[PDB]
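Alright, here's a single protein chain in two forms, structure 1 and structure 2, each given by itself as structure tokens.
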Structure 1
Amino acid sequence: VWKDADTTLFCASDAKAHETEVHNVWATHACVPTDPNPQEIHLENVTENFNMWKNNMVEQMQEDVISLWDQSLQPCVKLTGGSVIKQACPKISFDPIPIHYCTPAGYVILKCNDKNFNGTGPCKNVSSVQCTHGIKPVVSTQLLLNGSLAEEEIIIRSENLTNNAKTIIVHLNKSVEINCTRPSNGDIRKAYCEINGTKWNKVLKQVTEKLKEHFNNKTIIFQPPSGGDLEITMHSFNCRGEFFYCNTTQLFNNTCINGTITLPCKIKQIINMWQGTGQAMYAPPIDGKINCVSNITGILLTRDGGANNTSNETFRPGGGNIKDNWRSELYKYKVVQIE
């Protein structure tokens, strides 16, 4: 006998105590070991309702990542709400590790196993677990990096598609590599990312096909972001502690719907913080080759307003609300209380 409930969750990880990598240190102090023999239980003949858009798990993971980042990536200058904070800022070691979220006694996590599950409504194949799978707290905009894949078809997610103010999460079923590089000795801040364009265009082809199923077979057009700050108009993310800002115009160019695509990037020290309402200044990049190779696993889209009287829909890449990054992995779970 169970009902929807929110409770305070705990985490589990495979953090190495000896590692100075800042996620390992965090999890070492803040999580417990993973259960080497987790036990999923499948529930016959039970339908359960889910709502990825209103899920307290999402608020708890966000709290964790804000706390991880507050203790490990301190800027030299923090400008948060009418104040200024000069403070030390050494270069650190940085590479996200999977984190599991688990329920305490009296509770359990239900997991939606339906393979087309769009994140809202009823779920036919529901099971129960002590813990979610391990989720890398990857902070980025525009493209979801190193997450999980949709198991069958590309899946379109949104709290309400008819409403264009609401972000769309596209869940890929086949990842595409993005190889990102700040080459060593010029412009220390200069970088690029490379993507196999044959792969990428075949995927963007399939996404347009999918979007037409939700938008009445209208014509699907991709465009670069309108305005907003740099963290949004570009694919922004963190690579070995460096904040990379990448121009995705070539990713979102409806024409090619074939070779290596080279996105130009710039490392920035001054940034608008994702944790909200404030800019921070970080230290200049470490020397040497700086490289992250990442799996693109989702896309974040914002749809254009005012296209009702045409046969077009226009999608621009978006993001900015990091809560949605965690929703893209947490959509398949809801906490319930047992009695």
Structure 2
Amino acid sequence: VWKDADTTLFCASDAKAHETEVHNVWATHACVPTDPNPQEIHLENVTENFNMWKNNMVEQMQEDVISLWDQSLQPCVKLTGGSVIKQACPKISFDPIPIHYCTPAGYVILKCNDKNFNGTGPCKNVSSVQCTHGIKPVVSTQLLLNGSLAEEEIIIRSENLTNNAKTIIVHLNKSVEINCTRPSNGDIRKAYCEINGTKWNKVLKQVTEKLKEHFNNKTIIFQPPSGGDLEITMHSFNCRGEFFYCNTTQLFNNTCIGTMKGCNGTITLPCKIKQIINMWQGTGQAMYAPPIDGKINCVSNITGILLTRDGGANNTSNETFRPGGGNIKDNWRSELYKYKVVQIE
């Protein structure tokens, strides 16, 4: 016997207290060690309802990440409001680490174990845990990186598909590696991402087929973002302390979704490194130091896609999707979907 409730959580990790990397440093003083012997209890005959779009766990993880970035990344100048803030900006060690979210005494986290779970509705197979699985706080747009994969089928997550203001979350069942590199030694900000087109387009085709199932077999078409800052019009993410901006036009090639040459092979996305960025915290802009010397390389697993559907009329022929992102709560929802906090009464 229990009921839904909200409570102040606490985090756990396997961060080392000696590491100079920012995620480890923060997790050392803000979190507790990971439970050596975690407990999980299955609940037979229990059909509990979940709702990933109204889960206070999401709001609390966001607050942690806000806190993490605020005291980790030190920009040279901070363009917030009318005032400008000049300060020291040393380059830092940056690599996200898994974080477990746990309930205090008196509460417990219900976990849905349905393979075909789209974030909402009931769950025939429910278990109970003290802490969630290790979740890396990877802040990125358009493409979800280093996350978890869906079992069995690809999952399209949305509160209301008719609500075109809402961001759609595609949950892949097969990871696709993206290879971003800033070569050493002559634009020091020029970069590029390598992606296996044969693997990617094969996946992307399956995504459209899944989108067809949600839209009366209509024609699925991808288009570049209609507008916005470079952080969302391009695939943006942080690699080794440097902010990358990659063009995803080639990642949504409708031609490649419909046995041709040029779609098979290594796709190369042109990327840029910007010192002046827009803060996702909504604070404003922040200028950083020029990129470090040497080879800057990141290899990530694309585990999900953020999409935004178009509105209007005069269609009936096709549905148009554009690469979404911007509100990082979506990122956490893509991982905190199978969890919810309940109070044992």
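Just so we're on the same page, residue numbers count up from 1 along structure 1's sequence. So that the term is clear: the rigid core is the largest set of C-alpha atoms that superpose within 1.5 Å between two forms.
J.: Can you spot, among 292, 68, 273, 307, the one with a CA shift of 2 Å or more between structure 1 and structure 2 after core superposition?
T.: It is 307.
J.: Look at residue 90 and decide if its Cα position differs by 2 Å or more between structure 1 and structure 2 after superposing on the rigid core.
T.: Superposed on the core, residue 90 moves its C-alpha less than 2 Å between structure 1 and structure 2.
J.: After superposing on the rigid core, what is the C-alpha displacement of residue 194 between structure 1 and structure 2, in Å?
T.: Residue shift at the C-alpha: 0.4 Å.
J.: How much does the C-alpha of residue 39 move between structure 1 and structure 2, in Å, when the core is lined up?
T.: C-alpha displacement of residue 39 between structure 1 and structure 2: 1.0 Å.
J.: Determine, in Å, the CA shift of residue 80 between structure 1 and structure 2 after the rigid core is used for superposition.
T.: Reported C-alpha shift between structure 1 and structure 2: 2.1 Å at residue 80.
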